[PDB]
Structures are given as C-alpha cells and as structure tokens.
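Neighbour counts are summed over all protein chains in view; Cβ atoms, including those assigned to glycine, are modelled from backbone coordinates with ideal geometry. What is reported rests on the model, the rules as stated and the sources as named; these are not laboratory values.
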Amino acid sequence: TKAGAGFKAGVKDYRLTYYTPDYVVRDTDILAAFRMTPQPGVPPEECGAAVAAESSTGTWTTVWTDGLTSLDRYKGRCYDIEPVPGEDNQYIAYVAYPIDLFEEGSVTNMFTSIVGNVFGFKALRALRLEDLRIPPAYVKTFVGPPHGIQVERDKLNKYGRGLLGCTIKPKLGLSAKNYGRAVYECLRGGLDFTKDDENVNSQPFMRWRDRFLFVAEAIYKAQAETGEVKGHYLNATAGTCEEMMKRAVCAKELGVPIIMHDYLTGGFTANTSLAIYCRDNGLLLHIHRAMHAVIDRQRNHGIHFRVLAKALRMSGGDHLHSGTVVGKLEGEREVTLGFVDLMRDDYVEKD
Amino acid sequence: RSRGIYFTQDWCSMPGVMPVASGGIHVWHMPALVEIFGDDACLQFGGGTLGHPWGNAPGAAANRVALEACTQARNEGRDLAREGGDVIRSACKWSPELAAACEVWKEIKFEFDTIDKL
Amino acid sequence: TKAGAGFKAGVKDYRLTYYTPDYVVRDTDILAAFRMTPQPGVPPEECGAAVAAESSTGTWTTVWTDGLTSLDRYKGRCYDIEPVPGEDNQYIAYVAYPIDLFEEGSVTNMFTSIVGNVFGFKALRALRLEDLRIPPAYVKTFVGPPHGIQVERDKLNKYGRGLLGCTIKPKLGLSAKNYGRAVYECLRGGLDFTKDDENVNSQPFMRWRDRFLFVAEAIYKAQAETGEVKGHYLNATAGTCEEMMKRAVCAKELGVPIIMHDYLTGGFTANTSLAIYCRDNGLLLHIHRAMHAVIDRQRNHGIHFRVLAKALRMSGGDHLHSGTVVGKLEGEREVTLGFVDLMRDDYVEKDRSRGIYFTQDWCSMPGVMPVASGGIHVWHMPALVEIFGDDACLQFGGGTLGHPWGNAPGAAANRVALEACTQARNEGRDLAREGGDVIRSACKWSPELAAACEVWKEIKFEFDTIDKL
Amino acid sequence: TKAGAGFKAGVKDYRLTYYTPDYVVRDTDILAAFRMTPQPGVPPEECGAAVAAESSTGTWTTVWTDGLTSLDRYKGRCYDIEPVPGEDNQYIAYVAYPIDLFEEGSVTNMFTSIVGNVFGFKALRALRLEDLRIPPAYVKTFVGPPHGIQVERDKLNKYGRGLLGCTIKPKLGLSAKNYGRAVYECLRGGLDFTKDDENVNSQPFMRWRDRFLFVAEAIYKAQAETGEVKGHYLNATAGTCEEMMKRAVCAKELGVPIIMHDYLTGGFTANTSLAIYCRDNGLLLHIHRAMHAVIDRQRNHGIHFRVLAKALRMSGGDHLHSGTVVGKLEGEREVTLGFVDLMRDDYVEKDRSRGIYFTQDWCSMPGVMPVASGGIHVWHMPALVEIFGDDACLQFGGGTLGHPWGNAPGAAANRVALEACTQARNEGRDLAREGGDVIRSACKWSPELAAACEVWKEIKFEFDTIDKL
Amino acid sequence: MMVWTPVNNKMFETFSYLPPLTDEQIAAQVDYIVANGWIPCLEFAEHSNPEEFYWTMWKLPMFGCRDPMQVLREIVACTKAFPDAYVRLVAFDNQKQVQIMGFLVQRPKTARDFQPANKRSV
Ligand SMILES: O=C(O)[C@@](O)(COP(=O)(O)O)[C@H](O)[C@H](O)COP(=O)(O)O
Ligand SMILES: O=C(O)[C@@](O)(COP(=O)(O)O)[C@H](O)[C@H](O)COP(=O)(O)O
Ligand SMILES: O=C(O)[C@@](O)(COP(=O)(O)O)[C@H](O)[C@H](O)COP(=O)(O)O
Ligand SMILES: [Mg+2]
Ligand SMILES: [Mg+2]
Ligand SMILES: [Mg+2]
C-alpha cells in the first residue's frame, strides 16, 4: 500500500519529463527541427526540453492537474539533439508533438503551439524553426489549395512553358483608369498575368472597386486582341475579413479568373477563409509572401521560409512567391530548390 | 530614446490597452510587478496558482493577498523597490495560504543576459 | 357491476392480439407481404403476429398504456398466411397497417415501422419483405418524382426511341479536365447522356466543382456540334445534406439539365429533400441504386428490389436503375418486367408470375424512367429494346469507352444499333427472334458499329439466378 | 524502339490487373474483408479481383482512358484470399483501397465504392462485408460523434453505473399529452432517460411539436421531483432534411439535453448533417439502428453490424444500439463484445474469435455509448452489467410500462436492480455466477422490484443464432 | 399496488435507491477504487441541485494513493470540517480522463427532502 507518483509542488528541470532520447516517433506525430542557441550554463538537453514543454503541455513549475490526465499521451518530446557543424553553441533539437495537440485544419493553431511562446524564453539566446514534418493524418484535415498546379493549368488552358506575369508600377500612386491602361498594354504584348502590388489595396489615390472594374475591362480587351487567356491578380488583402470577402465576391461577379492575398500580413485565419471561398467559387488564388523576410532572413533566429511555405500550402494557395535566386531579393539556389520541391511535389525525401 | 521611444506618439484619444504581465511569475515577484506596472495591469499566475501545494483556491488566495498587501503598502508610502521583500515576508507570516507559496518558490528567479537591449 | 377488459401484467402470445385472419382490409391500409422463416417450435401464426405487433404498436409484454388509446384502431394485423410452394418452413405473412401509423410524405417513416426491428427477432431465422401495397390515400401525401417520364421527354424534346447514356471510366482516378474530355467525345458521337460514376463525388484526384465546370463545357460543345440536346448526370451525392444541396445549386447555376443521387447510400431523407429541390428548380434527377443488392439479392432475407423501387418512386426520382437482365449484374426477366411496370405505370394488377403480390394504384403519381446499365454492348441491343421498349435509358460505359476507335465512334455504334433495332421493331420485325439479323445488317453498313460487333462478339453473361421468384 | 503497353480493346480477366497477392498494404489504405461465395467455375482469385475492380476503378471491358491516369496509383487490390473453415465455397477476400479514392468526411461515399455495385454481380452467389480497416488518416477527416462517452457523462453529471432508459409504449397510437404523462411517471421512478419509439415521428394520432412540448414539461417535472438530471430522446427522424433540422432546432429551443435519429432509414447524409448540428449546439445524439437486421442478419450475405457500427461512429452518434445478447433480438455474445469494443475504445487489436478482422485505430475519435434494448427485464440485469460494464445505457420499455403497478414502480424496480448489481460487482461478487442471488436479495428488500421479479420470473429468449462467427 | 411518492423523495445518483451504505459497504467501495488504480477525491457542498455541475473540492485528488485507510481518514476529516454539508466520494480514471465512480457519504441532518427506503411508496 506504499504511495505511487503523487503531486509534488515546486520547480524541477524540464528535462525530467520532456527530454526523451529513446522515444520512437509515431507516423502521426508532427515533428519540429529547431536551431537552438542556449544561454551559457543551460545544458542543451534542458533547453531542448524547455522548448518541447512550453510548446506543448508544460509550464515553469509542477502543476497538480497533470494527474487528472496522461502527460505521456499529450506531452511534446525532445527526442534527439545534434550539434551544428561549425558552431560551438548551436544545436538542432528535434521535438515530436502528438497529433491530438492540434486543431484539425488550423495552421493558426499549429503555429500557436510550436512557435507561440518558446522564442522569447530568457534561457535561450536564439531560436529558429527550420522544418516541420506534417504527417498525412494531419495533412488530410486541411482543405489545402483551392486548385493546385494541374487544375490551374487546365483552368487556364496553358501548357508547355512557364507562365508570365508582371507587377504594375509605380507600386502606389496610379489612378484606377491608369492601372487598367497599364494592365491592358502589358497583357496585350504576351504576358499571361499582371497583378496589383502587394500594398495596392484600397487607397485615396485609387479605390479598390474602381480598379477592379477598369482591370476587368483591360483583361477582356487584351484577351480578345491576342486570342490568349489573360488574368490579373486583383488584391483581396484588406483590414477586416468582411472587406476581404467583399473584394473576392466582386472579383467573382466580374468573372476575373484570379485574385491575390498577402497571407502573412492578412494572416492565416483570413487566408484559410479566402482559400475556402476560392475553392467554393473556382477562383484561382495567388499568394504574396509580404513580411516573410522579417521572420525568415536570419540564420540564427526566426522561421525558415520552407516552413512558412508548408504552412501556406496547408492554409491554401494556388501560387506562392518562391524567390528568384538571381534577382534583387535573397534566395540561395539549393535552399530554394528544396522548398520549391516542398511546395510542388507529393513526396519529398529528407535532404 | 532611453526607453526606446524614437518618435513622439499622439494617440488622439484612441483608448489605452491594458498591459498583461504573465509568465513564470510568483508571489515574491509581486512587489516588483506592482512597482513596474502600477494598478493598470493584469498580473497572471498560471503555474503560480495551479502549482500551489494546496491546490487552486489557496493558490489564488496567496496571489490575491500578496497583491493587496503590496497595494496597501504602496498607498501607505512604502517604497516597493526597496521594502518589497519586507511586505511579502509580513504577509507570509499572516496568511497560511501565502506562507505555503512563499516557501515553495522562495529560491526561484529568472536572471539571464538580455538579447533585446536598447 | 363486474369488470370488463382490464390491465393484466405479463407476457402473452402476440397472436392473441395481432393475428386476425377474418380482418377485411381497408382501402387506405398499407399492406405488406413478408416471406417469413420461423424458428423451430414457433407457430407461423405467432411469427406473423410478432412481425405485425413489433412493426406497429406492440412489445414483448403487456403494457397498461394500451388502455388509454384504441389498439383496434392502430394495431398492425397479420390477416393471412400462405405456405410457400416448395418450402417446408417458409410462409408469406400478410400484414395490414392503418394509414394513421404513417407520417405523410415520409418514406423514411414507412420503412422504420415496416422494416425497422422485425428482421432481427430471435424467433425468426429469416425475413424478406416482398411487396407493399401503397394505397392512393397515402400516395397522395408525397411530392413524388420531380418530373416523370412524359415531362422528362417534353423537357429533353426526345421521342420515339430509348435514351442512350454512358458512365465515364475508369470509375475513379480521372482529373476534371479528362472527365470533360471523355464526356465531350462520348456525347458528340450520338449518346444523349453521360454520367459520373456512382462513387465519383469529390476526391483528391478530382474535386466536384472543377468537374462540374468542365462537364458543362463538354455538354455545350457536344450539343452545338451535333444539334441534339445533351446532358450529363452530375453527382450531388455527398457526406451531408448541406454539401448535397451546394452541388445541386451549382448544377442549376450552370444550366445543366440533369443531376444524379445515390438514394440508398445517401439515404431517403436526403433523397426526398433533393427531389423536392429538383421539382422546385426544374432539374431532372437520375437515381442510382448503389447498395441495393446488399439488401435485395437473397431470396430468403432482405427486401425485394420492387419495394426499393416503389420507395424511390415515392421519395422521388426521374430515372432509376432497373438492371439489364442480360448484363453483368443480376436481374431475372420476369421479376424485372414486374418492377419495371411498378416503376412506370399508373395501375398494376396483382400478378404473382411477375412477383407482384398486390394490385398497385399510383393515382397519377409520375412514372420513373428505368435505366438499364452494366456490362451491356451492341449485341444486347435487340434484347434491351425488346425488354424495356422506348421508355428506358440504356447505358454503355465500357461499351463506349472500350470501343477500339475511342468514345465518339463508340457512341455512334451504340446509337446506330439502337436506331436500327427501333426501326426494325416499328416495321413489324420480331426482335426476340430476328435481333441478331438486325445487328448483323447494321454492322455491315456502319464501320463504327462493325468495330464494336467484332470486339464483343463472344461476350455474354449467363449465370444461375439467385433472386428467383 | 519497341512499343510499350498500349490500349487494347476487349474483355480480359479482372485478375490480370486487380489480384495482387504480393501487395504490401499501406498504413493509409482502407481495407475490406469480404466473405465471398463464387458461382461455379469462377476462380476465387477472379471473383476477388472482380470485387476489387468494380468497387474501385474497373469495369467489364478494357477502357482507353486508363492510360491518361495511373491505375497502379488508384486501383483497388485484392491482396489476399483465405478459405473459410467449414465451407467448400466461401472465401475471405481482402481488398485494399488507396485513400485517394474516398471523399473526406463522407461515410456515404465510402459505402458507395465498397458496397455500391459488387453485391449484385452475376458471377457471385453471395457476398458479405465483414469488416473494414479505417486508417487514422481517413478517420481524421470526420467530425465524428457530437460528444462521445466521457463528454456525455460530464454533460449529464452521471457516473459510476450504467444509464437507464425506456421506450414509451404502445409504439404508436398515444396522444402527445399521454406520451408526456407516461414519460413523467417513468422518469420520476428512477430512469435516466425515456425515448420516442423509432417509428414515432409525426403522425395523425400525435404531431411532433405537440409531443416535444409535453415531453419537455415531463422532463422538467421529473427532474425537479427526483433531484436527478433527466432526459428523453425526442425523435428528429423525418421525411426530409429540412423537417429533420426543424425538429432538432425545436428540441434545442426547449433546452432538452438529447435527441435521437434513425441513421439507416434516415440515411448517412442526413445523419452526418444532424451530428454536426448536435456538435454545434451541444445536443446529445442517440442513434437508433432501425433496418440494420435487413442488412446484417445473415451470415452469407450483407454487411456485418460491426461495419454498420464503425460507419455510425464516423458519421456521428453519442449512443448506438448494440443489442442485448439475452433479449428478444439476436446478438451472439462474442460477436457483440467485439463490436462493443469497436464502438467505445480507441484501439482494438485484431481478434478473429470476436469477429475483429483488422486492428482498428480510432486516433482519439470519441467513443459511442452502446445501448442494450429490447425484451429485457430485471432478471437480465446481472448479465447486462456483466456484458457491458458501466459504459452502456440499458433500456426497459415493456420492462417498465409492463410493471403491474405502473411506470414509476417499474422504473424504481429497474433502478434498484441496476444499483444492487453495480454494488455487488464493486464488492467483488461474480455477476456471471451469483447474479441470481443479487436479484433475489434485492427482490426481498424492495416491494417494487419484487412485483417485477414475480411477473417476469419465467421469461427468457433462447433461440438458435443465425449471425454466427 | 403501491404508489411511488412524489413528496420529499429526492435522490442523489449512484446507490441512492439502495439501503444507506454501512461503514463496511463504504470500505468495500474504497477497496474497489484502490484495486483498480483510480484516483480518490472528496467533494462537498451546502446544497445539492441537479442543475449544479460543480461542487467544492476537498483538498486535492489523492494522486498515487494506494492506501484505503488514507481515503477513509480523509472522509472523516472532510465530514468533521463540514458536518452539515453534502459530501461525496468520487474517483477519477486519468486514461479515459473521466470520473469513474461516485456516491454520497454524508447529507445534511437538517434535510427532510428525502425518504427512508420503506417510505418511498404508499
Ligand atoms: O503559456 C504560458 O507560458 C503562459 O500561459 C504563462 O504560463 P505561466 O503563468 O504558468 O508562466 C502565457 O501564455 C505566457 O505568459 C505568454 O508569454 P508572454 O506573456 O510573454 O507573451
Ligand atoms: O459502375 C458501373 O458498373 C456502371 O457505371 C456500369 O458501368 P458499365 O456501363 O461499364 O458496365 C453502372 O453504375 C452499373 O450498371 C450500376 O449497376 P446497376 O444498374 O445494376 O445498379
Ligand atoms: O421497438 C422496440 O422493440 C424497442 O423500443 C424496445 O422496446 P422494449 O424495451 O419494450 O423491448 C427498441 O427500439 C428495440 O430494442 C430496438 O432493437 P435493437 O436495440 O436491437 O436495435
Ligand atoms: Mg510587389
Ligand atoms: Mg457506376
Ligand atoms: Mg423502438
């Protein structure tokens, strides 16, 4: 009749519960790879365990409520730590999250757990989320992209070459009539698409509905002149969900084939709504990645673009900017080739 | 600039947002919290409540007593930056719920080199 | 001063209340014919009474609440039991249900009483519902089919021959763009209809709205090319009523003349809603009977298809699959001719030689178009025209998409074969006897047909029948 | 520079494409176990291949369109065939279906592929779907049960014993006022629940809304009198989705905690809609399995109840009838224990002695409360507690409304019997062996129970089982 | 025919339709908790209404407790501190995360809203 593990109040090391180097990962677990920089005096195992704990079930001191449930079943698990070649204080910490931790179909929820609080812990100096393993059982809970590459090609009747587009310039300051003027002249010369600049929404120099109407006229005139299917990504990015939807609805009513959305500045919750609307109404959805570099530029801290790209794929988009490698914005060749495969392909082997 | 404020900011009567201090705090932090934030804040104790050895209600009581004792002491002219420990120590002796919290987290501090420096 | 009938607690035989062999059935009663196999030691009268009781007002022991109402007024009544010829332990038990037992316009409710619990009673070894007599007073409570045969023909402007359809194949795995491609090539060769496979709903390889849009383009192109009205049954079958309705609404928006629904896997509650929506919006509704053979194959247990067909007619459908008799799926000739009459006609006399246990009066509820589909090809055409006559749709999926020259030639072969048979019949030729000669002559004349004739020349489906009268 | 695989028109054996005995099943495949009876001369491999083909991508002749897609990717695969012990012409054919074949969240679509057409093929004599392996990746696409066992107990604040219910009787024929009268008297004596009979929808003798209002009064009065939470499953089963939803909405407005639906006679499409509405509104959802025995009674043909139960779990239900084993309707012990685990548990290992053909992983989808109902009385209580444990609802309709002293004494007798058995079990008593002693002691103590003990003392239901392993 | 009384006949869920539990019967229930590895807990309240979900927890659930005597001592301690309260013994299963048993071990003495067993019918 001797007592089993009971409630003991007080602080203990996270590693006692959350570092499990013998754990065999389940095929339904969401896996994370964190590039972690511990403060001096913080063992990597404790740092990895703190990250796993505070992105799953744990807090800074022992709580009695754990006993009402099964921590084994729900806890995040730091299951492997590798040193980073060429670094004295960087480690890749691998964390496994049970599928039950996540809301079905919600990128918002997945990010909230995995990147919600842990990046601000005093006990680390830097943290970067490098990659996520999204298991098929979780992937299946998402509507995903409204159409995807093959369906899009079939809807555009375009095959055998890259598609060509073009952002209207100057970024801001053109009237609706001049916007459509520029669009028509662009499209008539052989571009498949033009687009609103990411920051062209609705403004004093050009209100959105004025633009949408002029642009629709330009699409139609260029398509009739060239004999080729044309489009222009009309921006649905807005201050509220209701304005966003109003803009999408107008684009649908005009019969224009494609719209765009800034998924990070608008946000995952809006983006998922929009993608679902685009699925339900046959609208192609172009995704602009505005603000990504705020998050993904630095090697030591943030979230790599490949994760932001996986998240977009799940939330939903027909296009997503990938970088150029050779143009004015950064994107190393091998890094880019990797996430392009992650964006387009069905099955991508570790590499 | 000594507080990171690069521009004078005029909010033209747009309502103020209540700051919420939360994350790894407990009863011994109470004087510092009241001193930093003043009354217009919410102070949150998750582990600092559900981690109390007697359960949630005693945990809550300990936090509420600590806050009230600090608030009273401040109103009385006491310097919480300097005498904050004394206020908590007095309150621990008076309230058995608080005393239990005082004992459990007595040694617990979070002091590390700051990344986000001015 | 002495007491009349009071409450007496305890178990007594069902037959004491529910076997009424002198009952004169009323013209508003719903009648059922059950093929019943009692357990050893259970008298057929008690078995029939138990079935009547537990599908109407009764349970296993006496309840005091009977006294608050009138059991005479409400009880189901086993009013007749006949032994089955050639069987030592099978009986047809006839049960009469007062019209008050049933919710107006609800097939779901009628099935719930009549087939709800009784098939699982330990006291029987097997039970099969063979037939139902739906009285005009109950029939009149149903909206029924959205259009029916005559209205359908008027809406399609098609007269004087069987309709021709075709399921796109492979069943699953085609993209939306390829689905519409196949559909255009099929329709342009002379088929009136193509269709989604019963299981083509919305899937990773092809999402429904993508399909709906490409199919609408295909319909329009084939109609403009041939100068004949075309359609394709877009599948509204879905996981929820809301998704089902979304699909039907999109089809309507696109102006496509016809949709389909799998009434048994979707269910009677969803199907009735969809039929009403189709009536309200002038959409033709094709009904697929997926799952029926799970229920209706075996002679000793389940529900005969003729009952499933009556239920569909009531719930609502413009077309319903009827079997082919000669194709890859089972359906005996006489059994089939019986329920075809029950599907199409206004008044069908009792005829046990065709499995019709009750005279059925449909009181002008519209007739449902039988659809013969499954493993049929050009050589079957004379037999099909002979069995069904003009008021049918004959569907050739493999028999179109399996043509060596492709879909349009495949369609043309089927259309020529149908028209040749139709002409021959109209001229006085006996298709049952001279059908081979009609097809052979047509093969010599039409190269598209010839190619079909050669490929499927030896192909027959002839097996021992399970569902025998 | 030779030609690779091209289009060749005509018929070939299904086994050439669809029998793959070396296939390694994927963790995302849906697996099916079919009990298959081939026609004479049809090799079992060709029969299994035909079933796999015509429930996935194939038809009766070769189609050119296969070449546009990848049949390897999409085809169903008969990957194993085992002979059935004790049978010369029965085989278990195992078929693997790629997850891509299925519409997410749609039981309707799953059934349409797997059981849609194959049961009617002339080339087989009988077919029975015994089991399905639903992979976690597919399970995850379903909303599932509105609440499930743990959440239900939390919402009712009921712990430590089986729940007790009761179908009002007579089945049909009572007025709304008398329905509520019976309900109040039942609930006040100690039952947790009463319910509409499966076929009580809306009828000339009692309109649904009149009933709902009176039953709500009865629930409230019994709850106030006893101090225990009460409910009554108000039937939302209807002829159309719109009527069904109207009924659910009214129950919600009344604040009654629980409704019921007949999932098979209403159908999966309606049921899934209703389940989602119940999740969105906090309504407990009792599922009646009316019509299941039409499908699931016979060993040689149909669908086993365990598959119909898995399908309900996916579509959504808080309760589902499970049989009693010992009552008036069939259900063999081991078969029942097997599907009870499949209904309630998170992870169920393959166990052929209980009819479990595949290991089933429910990946945290909520468990469904089994409801034992039909011809049971106080003497059955020890057996029921022994079979089901606490996570079940035990229903006594006739066993309550058949009590010589009326409904409240009847309810009291059942509640005393359940509590005595529960106590005895907790104390270490073996209910399988000492159950009679527990009831006999309880009868001597409680005059209400004694009266029930006496009336039903001799009453048993023991018959040869049809649905044997 | 006996008539089940509607008057002052309140019930309190599991075991209320049985004779009042003896000390030996309560102890047997506690043995059942321990044998099954469940978590014992005490809860109490001034009043008991069917509409009211939560009662007040006595201390904390007895995590790791495998000693029936310890449980019985907490019953004594809880009822001593609240001699006029409803008190119930419950047990939790952390695997299914649900309460798995529960019954009253004390009612207020001032309560006359329930009947002795032989006064439930007239
Ligand atoms: O998830 C947590 O760790 C907390 O619930 C605190 O828990 P404890 O009270 O148990 O510490 C808060 O959400 C953090 O304070 C968020 O960080 P911040 O306030 O910096 O945004
Ligand atoms: O899925 C099929 O097999 C079909 O598309 C036929 O394809 P083929 O034209 O290629 O044979 C039909 O749906 C069946 O006829 C249904 O059976 P039934 O009409 O008996 O209900
Ligand atoms: O109509 C009936 O017979 C019942 O109301 C029971 O009444 P009694 O309580 O009076 O027997 C139940 O619906 C059946 O038990 C259903 O069968 P199952 O649970 O096997 O699906
Ligand atoms: Mg730009
Ligand atoms: Mg088909
Ligand atoms: Mg019933």
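Determine whether residue D:48 is buried (at least 23 other Cβ atoms within 10 Å of the Cβ), in contact with a strand residue (DSSP E or B) (Cβ under 6 Å, 6 or more places away or on another chain), more than 9 Å from chain C (Cβ to nearest Cβ) and not hydroxyl-bearing (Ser, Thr, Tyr). The answer is yes for residue D:48. The single condition among (1) of a type outside the set (D, E, K, R); (2) facing chain C (nearest Cβ under 9 Å); (3) buried (at least 22 other Cβ atoms within 10 Å of the Cβ) that residue D:123 does not meet is (3). Do the conditions hold for residue A:37, that is, is it of a type in the set (S, T, N, Q), touching an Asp or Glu at 6+ places or on another chain (Cβ under 6 Å) and either crowded, with 18+ Cβ neighbours inside 10 Å or outside the structural domain of residue A:85 (by CATH) (or both)? It is false that residue A:37 is of a type in the set (S, T, N, Q), touching an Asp or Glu at 6+ places or on another chain (Cβ under 6 Å) and either crowded, with 18+ Cβ neighbours inside 10 Å or outside the structural domain of residue A:85 (by CATH) (or both).
Just one of the listed residues (A:1, A:37) is β-branched (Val, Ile, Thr), out of contact with any helix residue (DSSP H, G or I) (no Cβ under 6 Å at 6 or more places or on another chain) and not in a loop (DSSP other than H, G, I, E, B), and it is A:37.
The sole residue among D:406, D:398 that is farther than 30 Å from residue A:74 by Cβ, buried (at least 24 other Cβ atoms within 10 Å of the Cβ) and not polar (S, T, N, Q) is D:398.
The condition of being touching an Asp or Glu at 6+ places or on another chain (Cβ under 8 Å) and surrounded by fewer than 16 Cβ atoms within 10 Å (Cβ to Cβ) holds for only one of B:58, B:19, that being B:19.
The set of residues from the stretch A:18-35 being more than 11 Å from every other protein chain (Cβ to nearest Cβ) and over 21 Å from the mean Cα position of the chain (by Cα) comprises A:18, A:19, A:20, A:21, A:22, A:23, A:24, A:25. The stretch C:156-243 holds strands (runs of 3 or more DSSP E) entirely within its bounds, and those carrying 3 or more residues that are within 16 Å of ligand 5 (Cβ to nearest atom) and either crowded, with 24+ Cβ neighbours inside 10 Å or in the same structural domain as residue C:269 (by CATH) (or both) map to C:193-195, C:231-235. Checking D:80, D:88, D:72 one by one, the residue that is without any contact (Cβ under 8 Å) to a residue 60 or more places away in the chain, in the same structural domain as residue D:51 (by CATH) and in a helix (DSSP H, G or I) is D:72 and no other. Check whether at least one residue in the stretch A:139-155 is within 14 Å of chain C (Cβ to nearest Cβ), farther than 29 Å from residue D:362 by Cα and basic (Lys, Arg), and report yes or no. Looking through the stretch A:139-155, at least one residue is within 14 Å of chain C (Cβ to nearest Cβ), farther than 29 Å from residue D:362 by Cα and basic (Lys, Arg). Checking D:2, D:75 one by one, the residue that is of a type in the set (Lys, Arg) and within 11 Å of chain C (Cβ to nearest Cβ) is D:75 and no other. In the stretch C:1-17, is there at least one residue being assigned to a loop (DSSP other than H, G, I, E, B), among the β-branched types (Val, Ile, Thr) and in the same structural domain as residue C:132 (by CATH)? Scanning the stretch C:1-17, I find no residue that is assigned to a loop (DSSP other than H, G, I, E, B), among the β-branched types (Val, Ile, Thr) and in the same structural domain as residue C:132 (by CATH), so the answer is no.
Any residue at all in the stretch C:330-338 that's within 16 Å of ligand 5 (Cβ to nearest atom) and touching a strand residue (DSSP E or B) at 6+ places or on another chain (Cβ under 8 Å)? Scanning the stretch C:330-338, I find at least one residue that is within 16 Å of ligand 5 (Cβ to nearest atom) and touching a strand residue (DSSP E or B) at 6+ places or on another chain (Cβ under 8 Å), so the answer is yes. The numbered conditions (1) closer than 29 Å to residue A:280 by Cα; (2) more than 14 Å from chain C (Cβ to nearest Cβ); (3) touching a strand residue (DSSP E or B) at 6+ places or on another chain (Cβ under 8 Å) are all true for residue A:180 except (3). Within the option set B:24, B:46, B:85, B:51, being buried (at least 21 other Cβ atoms within 10 Å of the Cβ), closer than 29 Å to residue A:120 by Cα and touching a residue at least 24 places away in the same chain (Cβ under 8 Å) holds for one residue only, B:51. In this structure, does residue D:52 turn out to be away from ligand 6 (no atom under 16 Å from the Cβ), closer than 30 Å to residue C:378 by Cα and under 28 Å from the mean Cα position of the chain (by Cα)? Judged against the criteria, residue D:52 is a match. Determine if the stretch A:102-121 includes at least one residue that is within 12 Å of another protein chain (Cβ to nearest Cβ), farther than 30 Å from residue A:265 by Cβ and within 22 Å of the chain's Cα centre (by Cα). No: the stretch A:102-121 contains no residue that is within 12 Å of another protein chain (Cβ to nearest Cβ), farther than 30 Å from residue A:265 by Cβ and within 22 Å of the chain's Cα centre (by Cα). Of the helices (runs of 4 or more DSSP H) contained entirely in the stretch D:368-469, those carrying at least 2 residues that are more than 27 Å from residue E:3 (Cβ to Cβ) and in contact (Cβ under 8 Å) with a residue 60 or more places away in the chain fall at D:381-388.
Residues are listed down the side, and each one gets a yes or a no for (1) in contact (Cβ under 8 Å) with a residue 40 or more places away in the chain; (2) at the interface with chain D (Cβ under 9 Å from one of its Cβ atoms):
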| site | (1), (2) |
| --- | --- |
| C:119 | yes, yes |
| C:130 | yes, no |
| C:154 | no, no |
| C:160 | yes, no |
| C:170 | no, yes |
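Filtered by the rule that a residue be buried (at least 24 other Cβ atoms within 10 Å of the Cβ) and at the interface with chain C (Cβ under 7 Å from one of its Cβ atoms), the stretch D:29-45 gives no residues.
Please state which one of C:62, C:69 is within 16 Å of ligand 3 (Cβ to nearest atom), more than 30 Å from the chain's Cα centre (by Cα) and within 14 Å of another protein chain (Cβ to nearest Cβ). Being within 16 Å of ligand 3 (Cβ to nearest atom), more than 30 Å from the chain's Cα centre (by Cα) and within 14 Å of another protein chain (Cβ to nearest Cβ) holds for just one of C:62, C:69, which is C:62. If the condition is being farther than 19 Å from residue D:28 by Cβ and out of contact with any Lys or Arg (no Cβ under 8 Å at 6 or more places or on another chain), then the stretch D:328-370 contributes D:331, D:333, D:336, D:340, D:344, D:345, D:349, D:351, D:352, D:353, D:354, D:366. When D:245, D:343 are checked against the criterion of being in contact with a strand residue (DSSP E or B) (Cβ under 7 Å, 6 or more places away or on another chain) and not charged (D, E, K, R), a single residue qualifies: D:343.
Candidates are the residues of the stretch A:134-185 that are out of contact with any helix residue (DSSP H, G or I) (no Cβ under 9 Å at 6 or more places or on another chain) and among the hydrophobic types (A, V, I, L, M, F, W, C); the one that is nearest to residue A:214 (Cα to Cα) is A:172.
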